[PDB]
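This is model_25.pdb. It holds PDB, C-alpha atoms and all ligand atoms.
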```
ATOM      1  CA  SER A  98     -33.133  89.266 -37.596
ATOM      2  CA  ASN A  99     -33.807  87.232 -34.387
ATOM      3  CA  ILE A 100     -34.456  83.884 -36.090
ATOM      4  CA  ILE A 101     -33.046  81.580 -33.384
ATOM      5  CA  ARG A 102     -35.651  81.654 -30.610
ATOM      6  CA  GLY A 103     -34.746  78.943 -28.119
ATOM      7  CA  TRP A 104     -34.099  75.304 -27.353
ATOM      8  CA  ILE A 105     -35.627  72.122 -25.968
ATOM      9  CA  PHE A 106     -33.480  69.739 -23.906
ATOM     10  CA  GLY A 107     -34.412  66.213 -22.900
ATOM     11  CA  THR A 108     -34.017  62.484 -23.426
ATOM     12  CA  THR A 109     -37.010  61.199 -25.429
ATOM     13  CA  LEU A 110     -39.022  64.426 -25.887
ATOM     14  CA  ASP A 111     -42.314  62.506 -25.983
ATOM     15  CA  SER A 112     -44.229  63.061 -22.679
ATOM     16  CA  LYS A 113     -43.027  59.822 -21.100
ATOM     17  CA  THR A 114     -40.108  61.721 -19.541
ATOM     18  CA  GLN A 115     -39.500  65.314 -18.486
ATOM     19  CA  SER A 116     -38.114  67.990 -20.812
ATOM     20  CA  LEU A 117     -36.882  71.583 -20.515
ATOM     21  CA  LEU A 118     -38.195  74.408 -22.717
ATOM     22  CA  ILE A 119     -36.325  77.708 -23.017
ATOM     23  CA  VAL A 120     -38.173  79.924 -25.465
ATOM     24  CA  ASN A 121     -38.242  83.597 -26.384
ATOM     25  CA  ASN A 122     -41.684  84.486 -27.673
ATOM     26  CA  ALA A 123     -42.282  88.005 -28.961
ATOM     27  CA  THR A 124     -43.038  89.284 -25.432
ATOM     28  CA  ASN A 125     -41.491  87.093 -22.692
ATOM     29  CA  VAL A 126     -38.729  84.619 -21.885
ATOM     30  CA  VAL A 127     -40.301  81.347 -20.763
ATOM     31  CA  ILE A 128     -38.491  78.521 -18.951
ATOM     32  CA  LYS A 129     -40.524  75.390 -18.194
ATOM     33  CA  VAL A 130     -39.802  71.839 -17.018
ATOM     34  CA  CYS A 131     -42.746  69.566 -17.830
ATOM     35  CA  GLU A 132     -43.784  66.369 -19.633
ATOM     36  CA  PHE A 133     -44.121  67.712 -23.188
ATOM     37  CA  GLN A 134     -45.435  66.026 -26.302
ATOM     38  CA  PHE A 135     -43.178  68.062 -28.578
ATOM     39  CA  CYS A 136     -43.923  68.395 -32.273
ATOM     40  CA  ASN A 137     -41.758  66.506 -34.734
ATOM     41  CA  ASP A 138     -40.851  69.860 -36.348
ATOM     42  CA  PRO A 139     -41.225  72.671 -33.805
ATOM     43  CA  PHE A 140     -41.073  76.274 -34.924
ATOM     44  CA  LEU A 141     -42.329  79.816 -34.448
ATOM     45  CA  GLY A 142     -44.073  81.977 -37.006
TER      46      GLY A 142
ATOM     47  CA  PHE B 194     -24.710  74.887 -21.441
ATOM     48  CA  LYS B 195     -23.760  72.479 -18.629
ATOM     49  CA  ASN B 196     -25.677  69.905 -16.550
ATOM     50  CA  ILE B 197     -24.033  69.023 -13.220
ATOM     51  CA  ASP B 198     -25.582  67.629  -9.987
ATOM     52  CA  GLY B 199     -29.106  68.706 -10.842
ATOM     53  CA  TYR B 200     -28.122  72.217 -11.980
ATOM     54  CA  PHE B 201     -28.444  73.421 -15.563
ATOM     55  CA  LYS B 202     -25.818  76.173 -15.907
ATOM     56  CA  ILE B 203     -25.821  78.880 -18.601
ATOM     57  CA  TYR B 204     -22.988  81.289 -19.525
ATOM     58  CA  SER B 205     -23.289  83.838 -22.340
ATOM     59  CA  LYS B 206     -21.879  86.862 -24.153
ATOM     60  CA  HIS B 207     -23.001  89.203 -26.962
ATOM     61  CA  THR B 208     -20.652  90.802 -29.513
ATOM     62  CA  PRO B 209     -21.021  93.215 -32.447
ATOM     63  CA  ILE B 210     -19.642  91.848 -35.717
ATOM     64  CA  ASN B 211     -19.622  92.727 -39.417
ATOM     65  CA  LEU B 212     -19.243  89.612 -41.554
ATOM     66  CA  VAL B 213     -21.118  87.380 -43.972
ATOM     67  CA  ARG B 214     -20.004  83.793 -43.236
ATOM     68  CA  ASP B 215     -17.637  81.681 -41.129
ATOM     69  CA  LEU B 216     -17.360  81.903 -37.341
ATOM     70  CA  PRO B 217     -14.965  84.809 -36.599
ATOM     71  CA  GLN B 218     -11.578  84.977 -34.887
ATOM     72  CA  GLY B 219     -10.859  86.587 -31.526
ATOM     73  CA  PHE B 220     -11.188  86.052 -27.791
ATOM     74  CA  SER B 221     -13.991  86.926 -25.362
ATOM     75  CA  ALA B 222     -14.839  85.245 -22.065
ATOM     76  CA  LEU B 223     -18.455  84.404 -21.279
ATOM     77  CA  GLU B 224     -19.982  85.430 -17.967
ATOM     78  CA  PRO B 225     -22.353  83.457 -15.693
ATOM     79  CA  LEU B 226     -25.971  83.997 -16.623
ATOM     80  CA  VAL B 227     -28.211  81.557 -14.726
ATOM     81  CA  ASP B 228     -28.199  78.299 -12.756
ATOM     82  CA  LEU B 229     -31.500  76.374 -12.881
ATOM     83  CA  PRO B 230     -32.358  73.570 -10.383
ATOM     84  CA  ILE B 231     -34.258  71.325 -12.775
ATOM     85  CA  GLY B 232     -33.071  67.821 -11.748
ATOM     86  CA  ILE B 233     -33.545  65.933 -15.049
ATOM     87  CA  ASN B 234     -31.431  63.698 -17.322
ATOM     88  CA  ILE B 235     -30.659  65.650 -20.513
ATOM     89  CA  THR B 236     -29.198  63.621 -23.393
ATOM     90  CA  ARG B 237     -30.362  65.399 -26.578
ATOM     91  CA  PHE B 238     -31.415  68.882 -27.654
ATOM     92  CA  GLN B 239     -33.114  70.715 -30.502
ATOM     93  CA  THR B 240     -33.031  74.341 -31.686
ATOM     94  CA  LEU B 241     -36.192  76.462 -32.059
TER      95      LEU B 241
ATOM     96  CA  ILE C 434     -33.163  67.157   9.566
ATOM     97  CA  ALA C 435     -35.689  64.436  10.388
ATOM     98  CA  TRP C 436     -38.590  64.074  12.846
ATOM     99  CA  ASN C 437     -41.263  61.469  13.644
ATOM    100  CA  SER C 438     -44.735  62.305  12.295
ATOM    101  CA  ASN C 439     -46.992  59.436  13.385
ATOM    102  CA  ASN C 440     -49.677  61.840  14.647
ATOM    103  CA  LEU C 441     -49.974  63.670  11.320
ATOM    104  CA  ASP C 442     -49.412  60.963   8.686
ATOM    105  CA  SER C 443     -50.982  57.791  10.175
ATOM    106  CA  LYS C 444     -54.621  56.828   9.629
ATOM    107  CA  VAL C 445     -56.491  54.069  11.456
ATOM    108  CA  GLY C 446     -57.518  52.360   8.228
ATOM    109  CA  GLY C 447     -54.138  52.984   6.606
ATOM    110  CA  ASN C 448     -52.660  56.024   4.854
ATOM    111  CA  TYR C 449     -51.753  55.207   1.237
ATOM    112  CA  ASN C 450     -51.078  58.727  -0.062
ATOM    113  CA  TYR C 451     -47.262  58.376   0.288
ATOM    114  CA  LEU C 452     -45.262  56.558  -2.437
ATOM    115  CA  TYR C 453     -41.707  55.395  -3.392
ATOM    116  CA  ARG C 454     -39.836  53.884  -6.399
ATOM    117  CA  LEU C 455     -39.047  50.136  -5.980
ATOM    118  CA  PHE C 456     -37.712  49.556  -9.543
ATOM    119  CA  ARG C 457     -35.249  51.453 -11.802
ATOM    120  CA  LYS C 458     -32.999  50.132 -14.626
ATOM    121  CA  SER C 459     -30.108  52.153 -13.173
ATOM    122  CA  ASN C 460     -29.286  54.210 -10.099
ATOM    123  CA  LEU C 461     -30.158  57.914  -9.982
ATOM    124  CA  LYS C 462     -27.650  60.738 -10.294
ATOM    125  CA  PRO C 463     -27.332  63.276  -7.355
ATOM    126  CA  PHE C 464     -30.275  65.758  -7.102
ATOM    127  CA  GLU C 465     -32.034  64.020 -10.043
ATOM    128  CA  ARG C 466     -35.833  63.511  -9.689
ATOM    129  CA  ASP C 467     -37.612  60.618 -11.509
ATOM    130  CA  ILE C 468     -41.461  60.820 -11.742
ATOM    131  CA  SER C 469     -41.797  58.428 -14.754
ATOM    132  CA  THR C 470     -44.513  55.733 -14.289
ATOM    133  CA  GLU C 471     -43.267  53.233 -16.934
ATOM    134  CA  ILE C 472     -44.157  49.509 -16.386
ATOM    135  CA  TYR C 473     -40.744  48.094 -15.309
ATOM    136  CA  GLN C 474     -39.651  45.107 -17.452
ATOM    137  CA  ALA C 475     -38.017  42.534 -15.116
ATOM    138  CA  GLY C 476     -36.980  39.875 -17.656
ATOM    139  CA  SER C 477     -37.335  39.300 -21.389
ATOM    140  CA  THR C 478     -40.649  39.170 -23.317
ATOM    141  CA  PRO C 479     -41.545  42.902 -23.487
ATOM    142  CA  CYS C 480     -44.617  44.158 -21.644
ATOM    143  CA  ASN C 481     -46.321  46.510 -24.117
TER     144      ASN C 481
HETATM  145  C1  LIG A 501     -45.349  84.730 -24.305
HETATM  146  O1  LIG A 501     -45.516  83.827 -23.202
HETATM  147  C2  LIG A 501     -46.150  84.422 -22.061
HETATM  148  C3  LIG A 501     -46.164  83.374 -20.973
HETATM  149  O2  LIG A 501     -46.446  82.081 -21.492
HETATM  150  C4  LIG A 501     -47.545  84.912 -22.434
HETATM  151  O3  LIG A 501     -48.088  85.589 -21.308
HETATM  152  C5  LIG A 501     -49.293  84.962 -20.838
HETATM  153  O4  LIG A 501     -50.383  85.192 -21.743
HETATM  154  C6  LIG A 501     -51.618  84.589 -21.322
HETATM  155  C7  LIG A 501     -52.628  84.864 -22.409
HETATM  156  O5  LIG A 501     -53.078  86.210 -22.363
HETATM  157  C8  LIG A 501     -52.032  85.162 -19.974
HETATM  158  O6  LIG A 501     -53.228  84.522 -19.545
HETATM  159  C9  LIG A 501     -50.924  84.927 -18.960
HETATM  160  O7  LIG A 501     -51.268  85.539 -17.722
HETATM  161  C10 LIG A 501     -49.632  85.543 -19.471
HETATM  162  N1  LIG A 501     -48.555  85.317 -18.522
HETATM  163  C11 LIG A 501     -47.742  86.285 -18.084
HETATM  164  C12 LIG A 501     -47.988  87.654 -18.636
HETATM  165  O8  LIG A 501     -46.848  86.063 -17.277
HETATM  166  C13 LIG A 501     -47.423  85.892 -23.592
HETATM  167  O9  LIG A 501     -48.719  86.295 -24.014
HETATM  168  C14 LIG A 501     -46.707  85.229 -24.757
HETATM  169  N2  LIG A 501     -46.570  86.159 -25.865
HETATM  170  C15 LIG A 501     -47.052  85.918 -27.088
HETATM  171  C16 LIG A 501     -46.817  86.988 -28.107
HETATM  172  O10 LIG A 501     -47.651  84.887 -27.361
HETATM  173  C1  LIG A 502     -30.200  59.086 -18.755
HETATM  174  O1  LIG A 502     -30.850  58.814 -19.953
HETATM  175  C2  LIG A 502     -30.091  58.006 -20.860
HETATM  176  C3  LIG A 502     -30.913  57.902 -22.119
HETATM  177  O2  LIG A 502     -32.271  57.618 -21.818
HETATM  178  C4  LIG A 502     -29.778  56.650 -20.232
HETATM  179  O3  LIG A 502     -28.840  55.978 -21.066
HETATM  180  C5  LIG A 502     -29.426  54.826 -21.703
HETATM  181  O4  LIG A 502     -29.510  53.712 -20.801
HETATM  182  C6  LIG A 502     -30.113  52.545 -21.383
HETATM  183  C7  LIG A 502     -30.195  51.505 -20.287
HETATM  184  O5  LIG A 502     -30.798  52.023 -19.109
HETATM  185  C8  LIG A 502     -29.297  52.079 -22.584
HETATM  186  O6  LIG A 502     -29.965  50.983 -23.197
HETATM  187  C9  LIG A 502     -29.128  53.212 -23.588
HETATM  188  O7  LIG A 502     -28.250  52.812 -24.632
HETATM  189  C10 LIG A 502     -28.559  54.448 -22.902
HETATM  190  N1  LIG A 502     -28.450  55.549 -23.847
HETATM  191  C11 LIG A 502     -27.530  56.516 -23.746
HETATM  192  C12 LIG A 502     -27.563  57.568 -24.813
HETATM  193  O8  LIG A 502     -26.714  56.544 -22.832
HETATM  194  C13 LIG A 502     -29.157  56.824 -18.851
HETATM  195  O9  LIG A 502     -29.063  55.565 -18.195
HETATM  196  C14 LIG A 502     -29.972  57.786 -17.999
HETATM  197  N2  LIG A 502     -29.310  58.026 -16.730
HETATM  198  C15 LIG A 502     -29.903  57.830 -15.549
HETATM  199  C16 LIG A 502     -29.079  58.137 -14.345
HETATM  200  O10 LIG A 502     -31.050  57.423 -15.464
END
```

When written as structure tokens, how does the structure in this file appear?
Ligand SMILES: *[C@@H]1O[C@H](CO)[C@@H](O[C@@H]2O[C@H](CO)[C@@H](O)[C@H](O)[C@H]2NC(C)=O)[C@H](O)[C@H]1NC(C)=O
Ligand SMILES: *[C@@H]1O[C@H](CO)[C@@H](O[C@@H]2O[C@H](CO)[C@@H](O)[C@H](O)[C@H]2NC(C)=O)[C@H](O)[C@H]1NC(C)=O
Amino acid sequence: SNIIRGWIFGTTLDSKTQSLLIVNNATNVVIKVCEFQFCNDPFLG
Amino acid sequence: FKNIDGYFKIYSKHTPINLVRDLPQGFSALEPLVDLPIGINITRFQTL
Amino acid sequence: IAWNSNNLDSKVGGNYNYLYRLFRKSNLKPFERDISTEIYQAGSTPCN
């Protein structure tokens, strides 16, 4: 049922360093390398 | 997933199965999918 | 490939747009980029 949607790769995952996002949202595949403030519990709905 | 000399390398393969639990038996080689020039220091990861 | 660019990148007052990293805990890996601007701790007594 397409539950697993992607991954985040990094070191600290808290906007002090750079992280990689590979996500599959309902419409596109998105690959980004930025300084993210990731949520403590990321998910899709 | 691999991280070598600034390249993040991805191989993959899809297979039809019919089971309920436990990773299945068998053999199938994965093929190159993409090779991203990101240039970062990955140490941890988290599933979405 | 490298060439001299005094005509383009030198200003009479002084051109301070161009920057470098003078401090890092460890050496970089090949084709790794570091943009982090974290106050480098030289000794003990953390910086906050
Ligand atoms: C999946 O992600 C893509 C890219 O982040 C979204 O596409 C963008 O949507 C915004 C909002 O309308 C547009 O302004 C951008 O131009 C779009 N970028 C494109 C099409 O490359 C897409 O909407 C997301 N899908 C869902 C369901 O949220
Ligand atoms: C890549 O990142 C890791 C984690 O941030 C670095 O390894 C850490 O290095 C510090 C000292 O610099 C140690 O105190 C930690 O115990 C290390 N943690 C791990 C998990 O190894 C590593 O030095 C970084 N590599 C580069 C080239 O910057």

At a cut-off of 10 Å around the point (-42.2, 70.3, -31.7) (file coordinates), what residues fall inside when counting all atoms listed in the file? I'd like the answer as a JSON list (two decimals) with C-alpha atoms, keeping the file's coordinate frame.
```json
[["chain", "number", "residue", "atom", "x", "y", "z"],
["A", 105, "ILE", "CA", -35.63, 72.12, -25.97],
["A", 110, "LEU", "CA", -39.02, 64.43, -25.89],
["A", 111, "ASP", "CA", -42.31, 62.51, -25.98],
["A", 133, "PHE", "CA", -44.12, 67.71, -23.19],
["A", 134, "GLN", "CA", -45.44, 66.03, -26.30],
["A", 135, "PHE", "CA", -43.18, 68.06, -28.58],
["A", 136, "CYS", "CA", -43.92, 68.40, -32.27],
["A", 137, "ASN", "CA", -41.76, 66.51, -34.73],
["A", 138, "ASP", "CA", -40.85, 69.86, -36.35],
["A", 139, "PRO", "CA", -41.22, 72.67, -33.80],
["A", 140, "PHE", "CA", -41.07, 76.27, -34.92],
["A", 141, "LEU", "CA", -42.33, 79.82, -34.45],
["B", 239, "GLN", "CA", -33.11, 70.72, -30.50],
["B", 241, "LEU", "CA", -36.19, 76.46, -32.06]]
```

### Task
Identify every residue of chain C that has at least one atom within 12 Å of any atom of chain B, counting all atoms listed in the file, and report the result as a count of residues only.
9

Can you tell me, as a PDB file with C-alpha atoms, in the coordinates of the input, what residues are no more than 12 Å from residue B:221 when counting all atoms listed in the file, ignoring any on the same chain fewer than 3 positions away?
```pdb
ATOM      1  CA  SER B 205     -23.289  83.838 -22.340  1.00  0.00           C
ATOM      2  CA  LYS B 206     -21.879  86.862 -24.153  1.00  0.00           C
ATOM      3  CA  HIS B 207     -23.001  89.203 -26.962  1.00  0.00           C
ATOM      4  CA  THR B 208     -20.652  90.802 -29.513  1.00  0.00           C
ATOM      5  CA  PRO B 209     -21.021  93.215 -32.447  1.00  0.00           C
ATOM      6  CA  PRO B 217     -14.965  84.809 -36.599  1.00  0.00           C
ATOM      7  CA  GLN B 218     -11.578  84.977 -34.887  1.00  0.00           C
ATOM      8  CA  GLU B 224     -19.982  85.430 -17.967  1.00  0.00           C
TER       9      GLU B 224
END
```

### Task
Rank nothing, just name the residue among A:106, A:119, A:132, A:98 nearest to ligand LIG 501 (chain A), using all atoms listed in the file.
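Looking only at the distances to ligand LIG 501 (chain A), the closest residue turns out to be A:119.
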
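Between atom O10 of ligand LIG 502 (chain A) and atom CA of residue A:114 the interatomic distance comes to 10.8 Å.
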
### Query
For the atom pair atom CA of residue A:113 and atom CA of residue C:471, what is the interatomic distance in Å to one decimal place?
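Atom-to-atom, atom CA of residue A:113 to atom CA of residue C:471, that is 7.8 Å.
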
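With all atoms listed in the file counted, the chains near ligand LIG 501 (chain A) contribute these residues within 9 Å: residues 120, 121, 122, 123, 124, 125, 126 and 127 of chain A.
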
### Query
Can I get the residues close to ligand LIG 502 (chain A) as a VMD selection string, where close means within 7 Å and we count all atoms listed in the file?
(chain A and resid 108 to 109) or (chain B and resid 234 to 236) or (chain C and resid 458 to 462)

### Task
Go ahead and compute the interatomic distance for atom CA of residue B:212 and atom CA of residue B:238, in Å to one decimal.
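Distance between the two atoms: 27.8 Å.
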
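Between chain C and the candidates A:115, A:107, A:142, A:101, the tightest atom-to-atom separation, counting only C-alpha atoms, involves A:115.
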
### Close residues, residue B:226 itself excluded, 9 Å, all atoms listed in the file, min 3 positions apart in chain, as a PyMOL selection string
chain B and resi 202-205+223

### Message
So that I can check the surroundings of residue C:475, please list as number ranges by chain every protein, DNA and RNA residue that reaches within 9 Å of it, counting only C-alpha atoms and ignoring chain neighbours fewer than 2 positions away.
### Response
C: 456, 473, 477

### Message
Using only C-alpha atoms for the distances, tell me which of B:229, B:216, B:222, B:210 is nearest to chain A.
### Response
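Nearest to chain A: B:229.
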